[PDB]
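Report on the following structure.
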Number of protein chains: 2
Amino acid sequence: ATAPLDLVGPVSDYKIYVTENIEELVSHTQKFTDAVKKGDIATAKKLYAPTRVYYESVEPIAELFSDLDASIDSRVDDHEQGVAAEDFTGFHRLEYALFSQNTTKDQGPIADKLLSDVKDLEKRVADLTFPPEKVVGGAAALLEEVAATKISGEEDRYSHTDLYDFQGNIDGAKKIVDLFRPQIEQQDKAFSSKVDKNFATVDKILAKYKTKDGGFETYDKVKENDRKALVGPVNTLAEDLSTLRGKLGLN
Amino acid sequence: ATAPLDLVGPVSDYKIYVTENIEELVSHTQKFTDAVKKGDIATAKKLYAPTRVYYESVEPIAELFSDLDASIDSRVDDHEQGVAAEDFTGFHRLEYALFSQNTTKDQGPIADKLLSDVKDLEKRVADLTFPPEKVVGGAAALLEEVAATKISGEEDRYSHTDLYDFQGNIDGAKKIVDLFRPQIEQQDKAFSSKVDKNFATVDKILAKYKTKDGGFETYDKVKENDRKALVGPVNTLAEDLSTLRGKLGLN
């Protein structure tokens with residue numbers, strides 16, 4: 001097995017990456033929740049998806065905090081009581097108010113809780129010794145999440161900003177693969193190029209829906225043939241990435 | 001003496017009719033909310049629409065208590081926050097849990113409040129001096145509600161039991177027309193025959209969707225031809241019935 005300290009290079013660089021994304025998450029969530037508290041629906045809607053990109057890019061770490069992640073990011077699908085669940089809070093609760101209902105009424109406390117929760121997450125990440133097995137395992141976890149809910153447009157059922165989250169997951173996974181390139185190369189000379197090709201295929205389909213202002217079209221614009229073309233490469237990436245924990249001597 | 005055709009007669013009889021329906025509403029609501037608290041989803045679903053018929057038949061009086069009516073019977077449409085509104089309670093809040101979400105989780109307090117609210121309504125109706133203009137105008141008020149939400153199937157957006165509510169509104173309006181028939185036919189017997197024929201047309205179409213028990217098909221079963229055939233009679237009735245207050249000197 002591989003001693004975690006032998007992976008300090010890529011693990012340290014990943015914590016720097018996660019920390020930078022978390023700093024941006026906090027600053028964007030401050031602005032997003034301030035807009036909600038101020039009743040500025042248009043500004044809140046514009047900030048929603050760009051803010052979430054920073055969370056979706058660091059899911060391998062955020063999901064280590066199971067209850068906090070649920071507070072920040074649970075979907076309607078996660079609640080027996082649906083949209084009416086008292087425990088349905090965070091981004092998707094505000095997504096419903098802003099995009100389906102066009103309101104900020106009584107959303108102030110939900111916005112305040114979301115800001116408090118992301119500031120909590122920032123502190124927990126600062127305190128965290130990053131386990132390389134969770135980092136390395138995180139790329140496969142991200143691609144499994146893409147396969148489960150993002151290809152089908154089931155992450156943002158009211159704003160339909162799923163492509164922002166999709167691209168964030170992919171970017172967060174590619175970052176992990178890139179950082180561990182030397183360690184992968186020591187055991188498997190062909191692996192990085194194999195996954196790079198499938199990442200490039202996914203990135204090219206996603207790029208068909210980027211906008212000049214720096215965003216994405218809504219999910220209803222994604223053609224059925226592009227949706228179908230994503231399934232294969234995403235599944236092959238998930239399978240390939242699922243071998244890395246073992247290959248690198250972490251489990 | 002009191003004249004034999006004095007309006008104190010039919011208004012008294014309407015309070016009896018409303019009182020009898022509210023007695024049934026309380027007993028059925030007890031059984032409906034008991035099932036919700038028990039977790040018996042199948043029984044609660046079967047009791048939902050027959051319970052509501054008694055409320056829908058007396059809406060001219062129930063809607064005089066604005067906050068109570070909202071607590072018992074508001075729709076998602078009535079809430080800026082939609083399904084997540086804390087003040088979304090009563091029949092349609094439980095309708096969402098039972099029919100959309102297939103759950104009774106945490107619905108106990110909502111069921112307790114619905115039973116308490118209909119018991120409140122029962123006491124308020126007993127204490128109420130019925131305003132004769134609200135009684136006589138109640139037939140038009142009910143037909144306007146049919147035209148606004150029942151004919152288009154927008155009353156029960158999760159259970160789709162709108163035909164029960166449709167028929168209940170129609171029956172409650174026909175009761176008012178029948179009670180004031182002696183006074184109306186003093187003034188305009190041709191007008192009364194015109195109203196009866198449109199009621200008979202509506203009842204004949206609705207009867208096409210009755211089931212073997214005193215039930216109705218769900219709204220999706222209503223053929224588009226039968227929907228368009230309902231539109232004319234309902235709108236003629238809404239206009240004709242809007243003249244009753246003036247015909248009886250209550251404007």
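Just remember, in the structure tokens the first chain shown is A, the second B, etc., residues are 1-based per chain, and ligands are 1-based in the order shown.
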
Would you superpose chain A on chain B, least squares on all C-alpha atoms in order, and hand back the fitted chain as a PDB file with C-alpha atoms, in the first residue's frame?
```pdb
ATOM      1  CA  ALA A   1     -87.127  45.471  -1.436  1.00  0.00           C
ATOM      2  CA  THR A   2     -87.942  42.116   0.179  1.00  0.00           C
ATOM      3  CA  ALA A   3     -87.820  41.801   3.960  1.00  0.00           C
ATOM      4  CA  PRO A   4     -85.481  38.907   4.873  1.00  0.00           C
ATOM      5  CA  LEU A   5     -88.139  37.444   7.176  1.00  0.00           C
ATOM      6  CA  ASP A   6     -90.445  37.050   4.157  1.00  0.00           C
ATOM      7  CA  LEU A   7     -87.859  34.526   2.890  1.00  0.00           C
ATOM      8  CA  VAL A   8     -87.755  32.491   6.115  1.00  0.00           C
ATOM      9  CA  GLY A   9     -89.121  29.430   4.330  1.00  0.00           C
ATOM     10  CA  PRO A  10     -86.294  28.914   1.863  1.00  0.00           C
ATOM     11  CA  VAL A  11     -83.640  30.405   4.174  1.00  0.00           C
ATOM     12  CA  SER A  12     -84.546  27.968   6.981  1.00  0.00           C
ATOM     13  CA  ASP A  13     -84.566  25.050   4.575  1.00  0.00           C
ATOM     14  CA  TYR A  14     -81.159  26.146   3.265  1.00  0.00           C
ATOM     15  CA  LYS A  15     -79.698  26.327   6.757  1.00  0.00           C
ATOM     16  CA  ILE A  16     -81.012  22.786   7.359  1.00  0.00           C
ATOM     17  CA  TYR A  17     -79.316  21.695   4.128  1.00  0.00           C
ATOM     18  CA  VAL A  18     -76.049  23.424   5.032  1.00  0.00           C
ATOM     19  CA  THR A  19     -76.184  22.057   8.582  1.00  0.00           C
ATOM     20  CA  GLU A  20     -76.671  18.479   7.369  1.00  0.00           C
ATOM     21  CA  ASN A  21     -73.765  18.861   4.947  1.00  0.00           C
ATOM     22  CA  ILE A  22     -71.592  20.309   7.731  1.00  0.00           C
ATOM     23  CA  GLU A  23     -72.448  17.408  10.059  1.00  0.00           C
ATOM     24  CA  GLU A  24     -71.300  15.062   7.296  1.00  0.00           C
ATOM     25  CA  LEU A  25     -68.214  17.193   6.671  1.00  0.00           C
ATOM     26  CA  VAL A  26     -67.224  16.915  10.340  1.00  0.00           C
ATOM     27  CA  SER A  27     -67.773  13.163  10.522  1.00  0.00           C
ATOM     28  CA  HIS A  28     -65.906  12.553   7.249  1.00  0.00           C
ATOM     29  CA  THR A  29     -63.094  14.954   8.165  1.00  0.00           C
ATOM     30  CA  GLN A  30     -62.714  13.115  11.476  1.00  0.00           C
ATOM     31  CA  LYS A  31     -62.179   9.854   9.580  1.00  0.00           C
ATOM     32  CA  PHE A  32     -59.967  11.479   6.915  1.00  0.00           C
ATOM     33  CA  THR A  33     -57.673  13.187   9.416  1.00  0.00           C
ATOM     34  CA  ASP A  34     -57.593  10.074  11.629  1.00  0.00           C
ATOM     35  CA  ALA A  35     -56.307   8.085   8.647  1.00  0.00           C
ATOM     36  CA  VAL A  36     -53.588  10.681   8.027  1.00  0.00           C
ATOM     37  CA  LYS A  37     -52.573  10.668  11.696  1.00  0.00           C
ATOM     38  CA  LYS A  38     -52.477   6.863  11.646  1.00  0.00           C
ATOM     39  CA  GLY A  39     -50.308   6.769   8.526  1.00  0.00           C
ATOM     40  CA  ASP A  40     -53.015   5.002   6.486  1.00  0.00           C
ATOM     41  CA  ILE A  41     -52.416   6.559   3.061  1.00  0.00           C
ATOM     42  CA  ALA A  42     -54.846   4.299   1.177  1.00  0.00           C
ATOM     43  CA  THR A  43     -57.759   5.094   3.500  1.00  0.00           C
ATOM     44  CA  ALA A  44     -56.928   8.797   3.531  1.00  0.00           C
ATOM     45  CA  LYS A  45     -56.869   8.928  -0.274  1.00  0.00           C
ATOM     46  CA  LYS A  46     -60.218   7.125  -0.493  1.00  0.00           C
ATOM     47  CA  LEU A  47     -61.782   9.595   1.954  1.00  0.00           C
ATOM     48  CA  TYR A  48     -60.318  12.770   0.395  1.00  0.00           C
ATOM     49  CA  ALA A  49     -62.797  13.563  -2.355  1.00  0.00           C
ATOM     50  CA  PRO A  50     -66.022  12.312  -0.682  1.00  0.00           C
ATOM     51  CA  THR A  51     -65.175  14.445   2.361  1.00  0.00           C
ATOM     52  CA  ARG A  52     -64.637  17.546   0.225  1.00  0.00           C
ATOM     53  CA  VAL A  53     -68.033  17.191  -1.511  1.00  0.00           C
ATOM     54  CA  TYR A  54     -69.720  18.370   1.679  1.00  0.00           C
ATOM     55  CA  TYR A  55     -67.563  21.510   1.820  1.00  0.00           C
ATOM     56  CA  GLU A  56     -67.951  22.291  -1.881  1.00  0.00           C
ATOM     57  CA  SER A  57     -71.749  22.009  -1.600  1.00  0.00           C
ATOM     58  CA  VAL A  58     -71.937  24.758   1.045  1.00  0.00           C
ATOM     59  CA  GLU A  59     -69.345  27.226  -0.317  1.00  0.00           C
ATOM     60  CA  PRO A  60     -71.825  30.171  -0.293  1.00  0.00           C
ATOM     61  CA  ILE A  61     -71.703  30.001   3.522  1.00  0.00           C
ATOM     62  CA  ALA A  62     -68.167  28.704   4.104  1.00  0.00           C
ATOM     63  CA  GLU A  63     -66.666  31.540   2.036  1.00  0.00           C
ATOM     64  CA  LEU A  64     -68.278  34.108   4.350  1.00  0.00           C
ATOM     65  CA  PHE A  65     -65.402  33.230   6.724  1.00  0.00           C
ATOM     66  CA  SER A  66     -62.519  34.384   4.540  1.00  0.00           C
ATOM     67  CA  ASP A  67     -59.534  33.430   6.707  1.00  0.00           C
ATOM     68  CA  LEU A  68     -61.082  30.137   7.829  1.00  0.00           C
ATOM     69  CA  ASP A  69     -61.903  29.183   4.229  1.00  0.00           C
ATOM     70  CA  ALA A  70     -58.304  29.908   3.250  1.00  0.00           C
ATOM     71  CA  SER A  71     -57.034  27.772   6.139  1.00  0.00           C
ATOM     72  CA  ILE A  72     -59.262  24.864   5.054  1.00  0.00           C
ATOM     73  CA  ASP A  73     -59.164  25.061   1.271  1.00  0.00           C
ATOM     74  CA  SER A  74     -56.540  27.341  -0.304  1.00  0.00           C
ATOM     75  CA  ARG A  75     -54.752  26.096  -3.433  1.00  0.00           C
ATOM     76  CA  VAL A  76     -51.099  26.295  -4.432  1.00  0.00           C
ATOM     77  CA  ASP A  77     -52.270  29.107  -6.751  1.00  0.00           C
ATOM     78  CA  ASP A  78     -53.196  31.216  -3.729  1.00  0.00           C
ATOM     79  CA  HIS A  79     -49.640  31.362  -2.324  1.00  0.00           C
ATOM     80  CA  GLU A  80     -46.719  33.439  -3.558  1.00  0.00           C
ATOM     81  CA  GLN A  81     -44.413  30.749  -2.120  1.00  0.00           C
ATOM     82  CA  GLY A  82     -46.327  27.905  -3.784  1.00  0.00           C
ATOM     83  CA  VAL A  83     -46.201  24.442  -2.221  1.00  0.00           C
ATOM     84  CA  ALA A  84     -43.533  25.652   0.247  1.00  0.00           C
ATOM     85  CA  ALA A  85     -45.727  28.315   1.878  1.00  0.00           C
ATOM     86  CA  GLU A  86     -46.100  27.824   5.632  1.00  0.00           C
ATOM     87  CA  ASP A  87     -49.676  29.132   5.302  1.00  0.00           C
ATOM     88  CA  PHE A  88     -50.575  26.442   2.707  1.00  0.00           C
ATOM     89  CA  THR A  89     -52.640  24.167   4.980  1.00  0.00           C
ATOM     90  CA  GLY A  90     -55.901  22.214   4.893  1.00  0.00           C
ATOM     91  CA  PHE A  91     -57.210  19.923   2.173  1.00  0.00           C
ATOM     92  CA  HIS A  92     -54.877  20.792  -0.676  1.00  0.00           C
ATOM     93  CA  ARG A  93     -51.776  20.669   1.523  1.00  0.00           C
ATOM     94  CA  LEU A  94     -52.762  17.124   2.487  1.00  0.00           C
ATOM     95  CA  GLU A  95     -53.680  16.426  -1.154  1.00  0.00           C
ATOM     96  CA  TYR A  96     -50.071  17.129  -2.120  1.00  0.00           C
ATOM     97  CA  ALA A  97     -48.667  14.846   0.587  1.00  0.00           C
ATOM     98  CA  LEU A  98     -51.075  11.993  -0.119  1.00  0.00           C
ATOM     99  CA  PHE A  99     -51.407  12.026  -3.908  1.00  0.00           C
ATOM    100  CA  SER A 100     -48.197  13.601  -5.196  1.00  0.00           C
ATOM    101  CA  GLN A 101     -45.743  12.508  -2.493  1.00  0.00           C
ATOM    102  CA  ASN A 102     -47.412   9.288  -1.187  1.00  0.00           C
ATOM    103  CA  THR A 103     -46.697  10.171   2.446  1.00  0.00           C
ATOM    104  CA  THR A 104     -48.223  11.100   5.782  1.00  0.00           C
ATOM    105  CA  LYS A 105     -44.856  12.102   7.309  1.00  0.00           C
ATOM    106  CA  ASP A 106     -45.266  15.232   9.462  1.00  0.00           C
ATOM    107  CA  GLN A 107     -48.859  15.579   8.235  1.00  0.00           C
ATOM    108  CA  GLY A 108     -50.361  14.920  11.675  1.00  0.00           C
ATOM    109  CA  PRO A 109     -50.448  18.569  12.756  1.00  0.00           C
ATOM    110  CA  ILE A 110     -51.861  19.649   9.384  1.00  0.00           C
ATOM    111  CA  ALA A 111     -54.616  17.051   9.749  1.00  0.00           C
ATOM    112  CA  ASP A 112     -55.307  18.172  13.325  1.00  0.00           C
ATOM    113  CA  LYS A 113     -55.557  21.807  12.221  1.00  0.00           C
ATOM    114  CA  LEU A 114     -57.988  20.847   9.441  1.00  0.00           C
ATOM    115  CA  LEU A 115     -60.246  19.000  11.889  1.00  0.00           C
ATOM    116  CA  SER A 116     -60.087  21.929  14.314  1.00  0.00           C
ATOM    117  CA  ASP A 117     -60.930  24.337  11.482  1.00  0.00           C
ATOM    118  CA  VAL A 118     -63.947  22.349  10.302  1.00  0.00           C
ATOM    119  CA  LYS A 119     -65.235  22.085  13.885  1.00  0.00           C
ATOM    120  CA  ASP A 120     -64.787  25.873  14.079  1.00  0.00           C
ATOM    121  CA  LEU A 121     -66.770  26.264  10.847  1.00  0.00           C
ATOM    122  CA  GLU A 122     -69.569  24.076  12.237  1.00  0.00           C
ATOM    123  CA  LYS A 123     -69.931  26.354  15.267  1.00  0.00           C
ATOM    124  CA  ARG A 124     -69.833  29.520  13.171  1.00  0.00           C
ATOM    125  CA  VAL A 125     -72.569  28.174  10.881  1.00  0.00           C
ATOM    126  CA  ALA A 126     -74.714  27.258  13.901  1.00  0.00           C
ATOM    127  CA  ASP A 127     -74.354  30.830  15.196  1.00  0.00           C
ATOM    128  CA  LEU A 128     -74.993  32.438  11.798  1.00  0.00           C
ATOM    129  CA  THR A 129     -78.106  34.321  10.781  1.00  0.00           C
ATOM    130  CA  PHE A 130     -78.118  33.367   7.099  1.00  0.00           C
ATOM    131  CA  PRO A 131     -78.461  36.495   4.917  1.00  0.00           C
ATOM    132  CA  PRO A 132     -80.824  35.638   2.043  1.00  0.00           C
ATOM    133  CA  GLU A 133     -78.815  37.906  -0.260  1.00  0.00           C
ATOM    134  CA  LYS A 134     -75.700  35.791   0.364  1.00  0.00           C
ATOM    135  CA  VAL A 135     -77.703  32.575  -0.013  1.00  0.00           C
ATOM    136  CA  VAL A 136     -79.344  33.696  -3.253  1.00  0.00           C
ATOM    137  CA  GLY A 137     -76.093  35.229  -4.490  1.00  0.00           C
ATOM    138  CA  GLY A 138     -74.414  31.945  -3.619  1.00  0.00           C
ATOM    139  CA  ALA A 139     -75.754  29.994  -6.582  1.00  0.00           C
ATOM    140  CA  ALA A 140     -74.141  32.457  -8.993  1.00  0.00           C
ATOM    141  CA  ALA A 141     -70.950  32.406  -6.909  1.00  0.00           C
ATOM    142  CA  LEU A 142     -70.840  28.609  -7.153  1.00  0.00           C
ATOM    143  CA  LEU A 143     -71.240  28.646 -10.925  1.00  0.00           C
ATOM    144  CA  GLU A 144     -68.559  31.328 -11.285  1.00  0.00           C
ATOM    145  CA  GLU A 145     -66.219  29.060  -9.301  1.00  0.00           C
ATOM    146  CA  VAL A 146     -67.047  26.145 -11.606  1.00  0.00           C
ATOM    147  CA  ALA A 147     -66.256  28.285 -14.655  1.00  0.00           C
ATOM    148  CA  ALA A 148     -63.005  29.565 -13.160  1.00  0.00           C
ATOM    149  CA  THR A 149     -61.359  26.408 -11.807  1.00  0.00           C
ATOM    150  CA  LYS A 150     -63.427  23.223 -12.082  1.00  0.00           C
ATOM    151  CA  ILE A 151     -64.123  22.929 -15.837  1.00  0.00           C
ATOM    152  CA  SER A 152     -60.361  23.221 -16.398  1.00  0.00           C
ATOM    153  CA  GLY A 153     -59.433  20.709 -13.694  1.00  0.00           C
ATOM    154  CA  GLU A 154     -57.445  23.242 -11.672  1.00  0.00           C
ATOM    155  CA  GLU A 155     -58.977  22.623  -8.249  1.00  0.00           C
ATOM    156  CA  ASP A 156     -57.247  19.310  -7.400  1.00  0.00           C
ATOM    157  CA  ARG A 157     -53.930  19.474  -9.201  1.00  0.00           C
ATOM    158  CA  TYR A 158     -52.548  16.350  -7.458  1.00  0.00           C
ATOM    159  CA  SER A 159     -55.514  13.986  -6.956  1.00  0.00           C
ATOM    160  CA  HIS A 160     -57.416  15.160 -10.076  1.00  0.00           C
ATOM    161  CA  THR A 161     -60.705  14.548  -8.213  1.00  0.00           C
ATOM    162  CA  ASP A 162     -62.121  17.782  -9.651  1.00  0.00           C
ATOM    163  CA  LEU A 163     -65.364  16.200 -10.828  1.00  0.00           C
ATOM    164  CA  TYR A 164     -66.412  15.471  -7.223  1.00  0.00           C
ATOM    165  CA  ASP A 165     -66.004  19.162  -6.393  1.00  0.00           C
ATOM    166  CA  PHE A 166     -67.636  20.238  -9.682  1.00  0.00           C
ATOM    167  CA  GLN A 167     -70.676  18.057  -8.980  1.00  0.00           C
ATOM    168  CA  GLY A 168     -70.816  19.337  -5.398  1.00  0.00           C
ATOM    169  CA  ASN A 169     -70.822  22.969  -6.535  1.00  0.00           C
ATOM    170  CA  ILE A 170     -73.545  22.247  -9.080  1.00  0.00           C
ATOM    171  CA  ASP A 171     -75.653  20.353  -6.542  1.00  0.00           C
ATOM    172  CA  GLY A 172     -75.249  23.161  -4.009  1.00  0.00           C
ATOM    173  CA  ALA A 173     -76.347  25.732  -6.577  1.00  0.00           C
ATOM    174  CA  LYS A 174     -79.288  23.668  -7.805  1.00  0.00           C
ATOM    175  CA  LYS A 175     -80.422  23.327  -4.187  1.00  0.00           C
ATOM    176  CA  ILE A 176     -80.546  27.104  -3.776  1.00  0.00           C
ATOM    177  CA  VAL A 177     -82.462  27.558  -7.042  1.00  0.00           C
ATOM    178  CA  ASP A 178     -84.921  24.807  -6.077  1.00  0.00           C
ATOM    179  CA  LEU A 179     -85.599  26.267  -2.619  1.00  0.00           C
ATOM    180  CA  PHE A 180     -86.378  29.726  -4.043  1.00  0.00           C
ATOM    181  CA  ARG A 181     -88.555  28.377  -6.877  1.00  0.00           C
ATOM    182  CA  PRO A 182     -91.796  29.979  -5.573  1.00  0.00           C
ATOM    183  CA  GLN A 183     -90.179  33.393  -5.143  1.00  0.00           C
ATOM    184  CA  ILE A 184     -88.598  33.187  -8.593  1.00  0.00           C
ATOM    185  CA  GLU A 185     -91.958  32.141 -10.044  1.00  0.00           C
ATOM    186  CA  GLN A 186     -93.664  35.239  -8.609  1.00  0.00           C
ATOM    187  CA  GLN A 187     -91.409  37.483 -10.722  1.00  0.00           C
ATOM    188  CA  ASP A 188     -90.350  35.308 -13.672  1.00  0.00           C
ATOM    189  CA  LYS A 189     -92.448  32.340 -14.865  1.00  0.00           C
ATOM    190  CA  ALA A 190     -89.788  31.114 -17.307  1.00  0.00           C
ATOM    191  CA  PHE A 191     -86.587  31.388 -15.238  1.00  0.00           C
ATOM    192  CA  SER A 192     -86.608  28.079 -13.382  1.00  0.00           C
ATOM    193  CA  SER A 193     -87.180  26.031 -16.522  1.00  0.00           C
ATOM    194  CA  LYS A 194     -84.445  27.996 -18.322  1.00  0.00           C
ATOM    195  CA  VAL A 195     -81.850  27.219 -15.670  1.00  0.00           C
ATOM    196  CA  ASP A 196     -83.161  23.670 -15.117  1.00  0.00           C
ATOM    197  CA  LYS A 197     -82.365  22.886 -18.767  1.00  0.00           C
ATOM    198  CA  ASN A 198     -78.766  24.079 -18.435  1.00  0.00           C
ATOM    199  CA  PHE A 199     -78.316  22.277 -15.103  1.00  0.00           C
ATOM    200  CA  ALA A 200     -79.603  19.124 -16.807  1.00  0.00           C
ATOM    201  CA  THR A 201     -77.081  19.571 -19.647  1.00  0.00           C
ATOM    202  CA  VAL A 202     -74.215  19.950 -17.161  1.00  0.00           C
ATOM    203  CA  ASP A 203     -75.438  17.043 -15.021  1.00  0.00           C
ATOM    204  CA  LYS A 204     -75.609  14.782 -18.084  1.00  0.00           C
ATOM    205  CA  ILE A 205     -71.985  15.493 -19.052  1.00  0.00           C
ATOM    206  CA  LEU A 206     -70.777  14.934 -15.487  1.00  0.00           C
ATOM    207  CA  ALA A 207     -72.735  11.680 -15.276  1.00  0.00           C
ATOM    208  CA  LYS A 208     -70.673  10.308 -18.192  1.00  0.00           C
ATOM    209  CA  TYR A 209     -67.824  10.003 -15.663  1.00  0.00           C
ATOM    210  CA  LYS A 210     -69.603   8.595 -12.615  1.00  0.00           C
ATOM    211  CA  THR A 211     -68.522   5.188 -11.333  1.00  0.00           C
ATOM    212  CA  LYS A 212     -70.658   2.332 -10.049  1.00  0.00           C
ATOM    213  CA  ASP A 213     -68.938   2.510  -6.642  1.00  0.00           C
ATOM    214  CA  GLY A 214     -70.448   5.984  -6.188  1.00  0.00           C
ATOM    215  CA  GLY A 215     -67.560   8.182  -7.298  1.00  0.00           C
ATOM    216  CA  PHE A 216     -66.053   9.843 -10.382  1.00  0.00           C
ATOM    217  CA  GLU A 217     -63.236   9.111 -12.791  1.00  0.00           C
ATOM    218  CA  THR A 218     -60.196  11.328 -12.465  1.00  0.00           C
ATOM    219  CA  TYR A 219     -60.174  14.560 -14.460  1.00  0.00           C
ATOM    220  CA  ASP A 220     -57.728  13.320 -17.121  1.00  0.00           C
ATOM    221  CA  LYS A 221     -60.509  11.018 -18.360  1.00  0.00           C
ATOM    222  CA  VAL A 222     -62.739  13.966 -19.342  1.00  0.00           C
ATOM    223  CA  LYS A 223     -62.801  14.240 -23.129  1.00  0.00           C
ATOM    224  CA  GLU A 224     -61.980  17.574 -24.749  1.00  0.00           C
ATOM    225  CA  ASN A 225     -65.406  17.643 -26.413  1.00  0.00           C
ATOM    226  CA  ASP A 226     -67.141  17.218 -23.044  1.00  0.00           C
ATOM    227  CA  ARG A 227     -64.960  19.925 -21.489  1.00  0.00           C
ATOM    228  CA  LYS A 228     -65.883  22.297 -24.327  1.00  0.00           C
ATOM    229  CA  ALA A 229     -69.565  21.383 -24.028  1.00  0.00           C
ATOM    230  CA  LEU A 230     -69.614  22.467 -20.368  1.00  0.00           C
ATOM    231  CA  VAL A 231     -68.347  26.020 -20.943  1.00  0.00           C
ATOM    232  CA  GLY A 232     -71.485  27.443 -22.534  1.00  0.00           C
ATOM    233  CA  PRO A 233     -74.137  26.126 -20.136  1.00  0.00           C
ATOM    234  CA  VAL A 234     -71.999  26.935 -17.086  1.00  0.00           C
ATOM    235  CA  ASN A 235     -71.544  30.513 -18.291  1.00  0.00           C
ATOM    236  CA  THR A 236     -75.252  30.911 -19.069  1.00  0.00           C
ATOM    237  CA  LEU A 237     -76.089  29.586 -15.596  1.00  0.00           C
ATOM    238  CA  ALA A 238     -73.665  32.034 -13.981  1.00  0.00           C
ATOM    239  CA  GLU A 239     -75.220  34.933 -15.908  1.00  0.00           C
ATOM    240  CA  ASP A 240     -78.814  33.891 -15.171  1.00  0.00           C
ATOM    241  CA  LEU A 241     -78.116  33.190 -11.508  1.00  0.00           C
ATOM    242  CA  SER A 242     -76.398  36.583 -11.156  1.00  0.00           C
ATOM    243  CA  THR A 243     -79.786  38.287 -11.684  1.00  0.00           C
ATOM    244  CA  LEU A 244     -81.550  36.620  -8.755  1.00  0.00           C
ATOM    245  CA  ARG A 245     -80.432  38.929  -5.926  1.00  0.00           C
ATOM    246  CA  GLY A 246     -81.989  41.878  -7.724  1.00  0.00           C
ATOM    247  CA  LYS A 247     -84.977  39.959  -9.091  1.00  0.00           C
ATOM    248  CA  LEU A 248     -85.939  38.759  -5.606  1.00  0.00           C
ATOM    249  CA  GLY A 249     -85.554  42.200  -4.028  1.00  0.00           C
ATOM    250  CA  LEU A 250     -82.344  41.574  -2.086  1.00  0.00           C
ATOM    251  CA  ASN A 251     -79.920  44.008  -3.811  1.00  0.00           C
TER     252      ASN A 251
END
```

Determine which residues of region 77-159 of chain A DSSP labels as alpha helix (DSSP H) from the backbone of this structure, then write them out as number ranges by chain. A: 90-95, 108-127, 132-145
